[PDB]
Each structure stands twice: as structure tokens, then as C-alpha cells.
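K.L.:
fold the following, please.
(2 chains)
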2 protein chains.
Amino acid sequence: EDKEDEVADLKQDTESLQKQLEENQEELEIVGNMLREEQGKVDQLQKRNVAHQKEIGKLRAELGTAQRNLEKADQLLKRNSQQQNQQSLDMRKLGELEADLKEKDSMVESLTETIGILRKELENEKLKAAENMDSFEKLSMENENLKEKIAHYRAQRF
Amino acid sequence: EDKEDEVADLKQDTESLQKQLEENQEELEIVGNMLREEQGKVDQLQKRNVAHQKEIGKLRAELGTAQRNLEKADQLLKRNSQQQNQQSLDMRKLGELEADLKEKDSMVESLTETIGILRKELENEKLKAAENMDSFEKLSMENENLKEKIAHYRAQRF
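P.N.:
Residues are numbered from 1 along each chain as shown, chains lettered A, B, ... in the order given. What follows is the structure:
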């Protein structure tokens, strides 16, 4: 209480405490924004995150249908044992047939060769037959001349 | 009476102020945390997204091949099928052969018919020519016999 006591020390000091206030209010704005945007990002990332939830969804159906379908149409390629087994069943039935028929064809060829001979031996014995019965007539003829000549002797013939 | 009630007034001006810088730092305390907590949420979502996106590329290839396979094994169903074209022609045209067997079958049975007959007719032409050989010998034996009777008669000239 003597002329001057704590003059501006109180006056120019509230400005201190007042200016610090000037900041915490500014900065609180800066952080206020960053927050608005960082939570802004999460809006966009959170979205994309399901856009992928979807894309990845589809693929679980497609790689499934296509992997079990490779089995669905693979049982049909398992019939390659019934289809190639016939290469044993059929190559034999056709293989043995081309052999047992080509052969039975030589028979008919060997047989008709003999039917050809029997047709000839029975051809000649048809000739030697007529031919021999011929030598008989000449003899049958001469036979008579003799019966006569002898008949005359038993009587006539001076 | 005023120098005493002066610094008393600046107090209030500082009471109200010190409160603000305090109550305010509480807003800045929280709001600062809210921000970081979001940046936490962001950075990470930024990850699962790169996780999915990368792993969406894997399923993309697993689907790719798994499809080429469904087709690579399907060309093979076009070949397994066309062998049904040649296997059918083999099961139907092989039958013509087992059928062309009965043609030669009836032939070798039909020829042994004509071979059996000629062999039997050859036997009769032989039985016949066996008589003629006999009735001829009788004859020859008769003339030979007569010439002799005759030659005895000729014994009347001497």
C-alpha cells in the first residue's frame, strides 16, 4: 500500500494466462479437424473392406463349382477303363475272326479243287467205260462169225 | 479506498481465465486421444484391405487354372466320345464278319455234299465197269473156245 505494489505484474500477467488460452483453443481446432478426416478415412476404408468382402465372396462359389465340376466331369474320364478295356474284348473278337474266316476260306478252296478232280476221274471212267464196251462189240461181233462158221462145219462145207 | 479494491478485481479476471485454460486442456486431452484412436483404426483397416486385395489375387489364379483344368479335361471328353464312333462301327461291322462266317460255314458243308455224292457215284461206275469186265471175259472165253472147236473140224483137209 505504498505508491506502487504489483503494478503491471497482475495486469500484463493475465495476458500470459490469456494467450496460452489463445493456443489451446487453436490447437484444439487443429486436432478437431484431423479427427474429422481420420474418421473420414475410416468411412472409406471401412467401405472398401466389404467391397472385398464381396469380390472374395464370389470367388469362393466359382472356385468351388469349378473344382467339384472338374470331379463331376472327371468320373466320365474314369470310363476310359471300360472304353479301352474293349480294346482287349474287341481286338480279339475281330482279330480271331479275321484269322478263322480267312482260313475257312482256304478250305472251300482246297475242297473245290478235289470236286474238280473227282469230276475228272469220274469223267475218264465214263470214257474208259464207253471205250471198253466198244471193244466188247467187236468181240460180240466176231463171236457170231464163229458161231456160224462152226454151224456150217457141223453140216455143210464140202 | 480504491487502491485496496483493485488487485481484487484483476483476481476475477484471472479466476475466469485459469478455469478456461484448464477446462480447455481437458477438451484438448480427449479430442487428442479421439484423433489418435481413429488413426489407429485407419492404419489397420488400410491393412486388412491390402490383405484381402492380395488374397483376392490368389483366388483369382486358383480359379484360373481350376478352370483351364475343367476345360483341359473336357477336350478329353470329346475324344473319349468319338471312340464310341469307331467302337460302334467295330461292334456292328465285326458282326458282318461273324455273319460272313456262316457263308463259308454253309459252303464247306455244301461242298462235302457234292464230294460225298461223286465219291458214291464213282463207286457205281466202278461196280458197273466190273461187270462188263466179267461178261467180256466170258465172251473172250467163248470165242477162244469156238475157234478150237472149229479148228478140230478143219481137220478134214489135213
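K.L.:
and the residue of chain A positioned farthest from its centre, which of the three is it?
P.N.:
What lies farthest from the middle of chain A is residue A:2; by C-alpha atoms, centre = their mean that is 119.1 Å. Secondary structure for residue A:2, judged by DSSP: H, G, I helix; E, B strand; the rest coil, is coil.
K.L.:
quick check: phi and psi on it?
P.N.:
Backbone torsions of residue A:2, given as degrees, to the nearest 10, read phi -130, psi 100.
K.L.:
tell me the contacts of residue A:108?
P.N.:
Neighbouring residues of residue A:108 by C-beta atoms under 8 Å, 6 or more residues apart in numbering or on different chains: B:104, B:107-108, B:111. Just so you know, the C-beta spots here come from the backbone N, C-alpha and C atoms, and that holds for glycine as well.
K.L.:
go again with 10 Å.
P.N.:
B:103-104, B:107-108, B:110-111 (C-beta atoms under 10 Å, 6 or more residues apart in numbering or on different chains).
K.L.:
what helices or strands is whichever strand or helix holds residue A:33 leaning on?
P.N.:
Using DSSP states H and E, residue A:33 maps to helix A:7-72. Counting contacts by 3 or more C-beta pairs under 10 Å, 6 or more residues apart in numbering or on different chains; DSSP states H and E, helix A:7-72 is packed against helix B:7-93.
K.L.:
how far off centre is the helix it packs on?
P.N.:
Computed by C-alpha atoms, centre = their mean, to the nearest Å, the chain-centroid distance of helix B:7-93 equals 44 Å.
K.L.:
buried ones in the helix or strand just after that helix, by neighbour count?
P.N.:
Following helix B:7-93 in sequence order, the next helix or strand is helix B:95-99 (DSSP H and E). Neighbour counts over helix B:95-99 (16 or more other C-beta atoms under 10 Å in any protein chain shown) mark no residue as buried.
K.L.:
same thing with stretch A:37-55?
P.N.:
A:38-39, A:41-42, A:45, A:49, A:52.
K.L.:
tell me the contacts of residue A:87?
P.N.:
Counting by C-beta under 10 Å, 6+ apart, residue A:87 makes contact with B:83, B:87, B:90.
K.L.:
which among the buried residues of stretch A:37-55 gets closest to residue B:63?
P.N.:
Nearest to residue B:63 out of the buried residues of stretch A:37-55 is residue A:52 (C-beta to C-beta; 15.6 Å).
K.L.:
can you pull the contacts of the closest one?
P.N.:
Going by C-beta under 10 Å, 6+ apart, the list of residues near residue A:52 reads B:48-53, B:55-56.
K.L.:
same thing but at 8 Å, please
P.N.:
B:49, B:52-53, B:56 are the contacts of residue A:52 under C-beta under 8 Å, 6+ apart.
K.L.:
ok, and the closest non-adjacent residue to residue A:97?
P.N.:
Spatial nearest neighbour of residue A:97, chain neighbours left out: residue B:97 (4.9 Å); criterion: C-beta to C-beta, 6 or more residues apart in numbering or on different chains.
K.L.:
what about the one you found, distance to residue A:98?
P.N.:
7 Å (C-beta to C-beta, to the nearest Å).
K.L.:
before we move on, what about residue A:153?
P.N.:
Counting by C-beta to C-beta - residue A:153 and residue A:98 are separated by 83 Å.
K.L.:
same thing with residue A:114?
P.N.:
Distance of residue A:114 to residue A:98, computed by C-beta to C-beta: 26 Å.
K.L.:
go on, residue A:63?
P.N.:
52 Å.
K.L.:
got the phi and psi for residue A:83?
P.N.:
According to degrees, to the nearest 10, residue A:83 has phi -90, psi -30.
K.L.:
hmm, it is touching residue B:81, no?
P.N.:
No - the criterion here is C-beta atoms under 8 Å, and residue A:83 misses it with residue B:81 at 9.3 Å.
K.L.:
those two: who's more crowded?
P.N.:
Under the neighbour definition other C-beta atoms under 10 Å in any protein chain shown, residue A:83 and residue B:81 were set side by side, and residue A:83 has more, 15 against 11.
K.L.:
who's in contact with the residue nearest to residue A:18 when sequence neighbours are not counted?
P.N.:
For residue A:18, ignoring the flanking residues on the chain, the nearest one in space by C-beta to C-beta, 6+ apart is residue B:17 at 5.7 Å. By C-beta under 8 Å, 6+ apart, the contact list for residue B:17 reads A:14, A:17-18, A:21.
K.L.:
ChimeraX command for the buried members of those residues?
P.N.:
Command for ChimeraX that selects the buried part of the contacts of residue B:17, burial taken from 16+ other C-beta under 10 Å:
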select /A:14,21
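K.L.:
same list, the contacts of residue B:17, but as a markdown table with distance to residue A:69 please.
P.N.:
Shown next, in a markdown table, are the contacts of residue B:17 (distance: C-beta to C-beta, whole Å):
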| residue | distance to residue A:69 |
| --- | --- |
| A:14 | 82 |
| A:17 | 77 |
| A:18 | 77 |
| A:21 | 72 |
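K.L.:
I appreciate the help and will end here.
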